[PDB]
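Listed next as structure tokens is one chain, alone, in the form deposited without coenzyme A.
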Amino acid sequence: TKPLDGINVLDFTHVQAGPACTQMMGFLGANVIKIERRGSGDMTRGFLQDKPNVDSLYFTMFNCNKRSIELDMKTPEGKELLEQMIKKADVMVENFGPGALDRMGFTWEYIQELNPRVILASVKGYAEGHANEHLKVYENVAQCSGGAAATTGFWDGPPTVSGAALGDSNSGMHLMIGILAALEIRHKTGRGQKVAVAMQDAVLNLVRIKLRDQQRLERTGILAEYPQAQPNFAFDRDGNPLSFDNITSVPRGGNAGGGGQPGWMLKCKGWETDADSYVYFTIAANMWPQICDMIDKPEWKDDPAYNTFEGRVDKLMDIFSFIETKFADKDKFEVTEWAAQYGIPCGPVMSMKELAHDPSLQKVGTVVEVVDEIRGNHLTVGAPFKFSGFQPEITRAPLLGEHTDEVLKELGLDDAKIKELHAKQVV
């Protein structure tokens, strides 16, 4: 028994945000019917393919546990089909532009008329009511709109995008929270709701720690845990000093700790010829004696220039630089093992190659080999929530229109009618 067994999802989504939401629902047991445009379908199918005329890894890794039906929703027969499907549905998920679904003939009011129990879930770029609510947002545009780009990277370089899908998949996971919340009250009210997530808002949620920083900066004029708080440390491209004297918006802090304890990205053996030969090393305020033992600096234990966070503000980047010299002949795994002996939070920069072939992630079901006889097997990320009572069973992504007839038969249509729909090119 899986959490969303019996939950029927009408899935209009494409690209990444929406599809990530409905795929993860499918991993938890939902019956996901992906409605695709006749003859082309989700643009990810043909987006950066690795084999010619085979659905891409972009498509397969975001569309497992779904069935595909092709539908021309601009036809009268298509609209009648939708109406029938909505009456069988628990959740409708879409990421069209503002007002698109209303123009297709299906307002929220009309949807409620068709099915009082159906939840309507949307991914948007900007929140409804925002000055910016209508225009488009790709992955990195949301990262920029939500404060992530401005606070990511280095003080002497540009705003920097995250490799993680802070815009797309993050918004999809946020929409999943919204949909599940709507399911929970429906047990009381018996009624579906409209739920929407703007990509800017999903990013801003994760950037909450930097809105803390903005207020601290306004109130106090300094962020003591940032590199720029160290006198004479940070400079711009042209050699101008960067101190909090002149800083009015949360700056980029390089590899500083964020919402963690102070930390830094330190080089390990092989860093010149291996881009990922680094650890993240933390200096937790309650672990200074342990650190002093590790690096053989007993004289730093009782010295007030070193043994409080306040004392270290003027030299912390010097301390990271010295710690780094201890790792010069050790790889990242052996530095991680060394720090762990002291209980010091520290871990490796894992490469994508290391992650793809890691035995442990395959053991726990986080990296999963999907069985696909048509395209060949591939890896995907599984469910990142682990449950005592069940396990996902991940199955291959559908071919375009693979399940059209199967789905129409479930709506009780006879063979003659299915033949008519094909002949009319409705399906």
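In this text, residue numbers run from 1 along the sequence as written.
> 296-304 versus 130-138: which one carries the higher mean Cα B factor per the record?
So the stretch with the higher mean C-alpha B-factor is 130-138.
> So 110-118 or 152-160, which one's hotter by mean CA B-factor in the entry?
Looking at the recorded C-alpha B-factors, 110-118 comes out higher on average.
> Can you tell me which of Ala340, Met199, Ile177, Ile86 has the highest Cα temperature factor in the record?
Of the options given, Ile86 has the highest CA B-factor in the PDB entry.
> Looking at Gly254, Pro289, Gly172, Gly125, which one carries the largest C-alpha B-factor according to the PDB entry?
Highest C-alpha B-factor among the listed options: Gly125.
> Please say which third, lowest, middle or highest, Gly259 falls into when its CA temperature factor is compared across its chain.
Its C-alpha B-factor, which the entry lists for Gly259, ranks in the lowest third among residues of this chain.
> Taking the C-alpha B-factors as the PDB entry records them, is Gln49 in the lowest, middle or highest third of its chain?
Its C-alpha B-factor belongs to the middle third of this chain's values.
> Within this chain's modelled residues, let me know which third the CA B factor of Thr395 belongs to: lowest, middle or highest.
Middle third - that is where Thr395 ends up once the chain's C-alpha B-factors are sorted.
> According to the PDB entry, is the CA B factor of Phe309 in the bottom, middle or top third of its chain, that is, lowest, middle or highest?
It falls in the middle third of the chain.
> Tell me, lowest, middle or highest third: where does the Cα B factor of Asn65 rank within its chain?
Answer is lowest: the recorded C-alpha B-factor places it there.
Below, we refer to the form deposited with coenzyme A bound, which is not included among the displayed structures.
> Would you mind picking out the stretch of 188-196, 238-246, 93-101, 353-361 that comes within 4.5 angstroms of coenzyme A in the deposited complex, counting non-hydrogen atoms?
Every other range fails; the passing one is 93-101.
> Only one of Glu83, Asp72, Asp201, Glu334 comes within 4.5 Å of coenzyme A in the deposited complex by heavy atoms, so just point that one out.
Selected option: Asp72.
> Do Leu413 and coenzyme A come within 4.5 Å of each other in the deposited complex, heavy atoms counted?
So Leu413 does not count as contacting coenzyme A.
> Does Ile418 reach coenzyme A in the deposited complex, with heavy atoms at most 4.5 Å apart?
Contact with coenzyme A, no.
> Give a yes/no on whether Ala17 approaches coenzyme A to within 4.5 Å in the deposited complex, heavy atoms considered.
Heavy-atom contact with coenzyme A at 4.5 Å: present for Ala17.
> Residue-level contact is defined here as any heavy atom of the residue lying within 4.5 Å of coenzyme A in the deposited complex; does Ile179 satisfy this criterion?
No.
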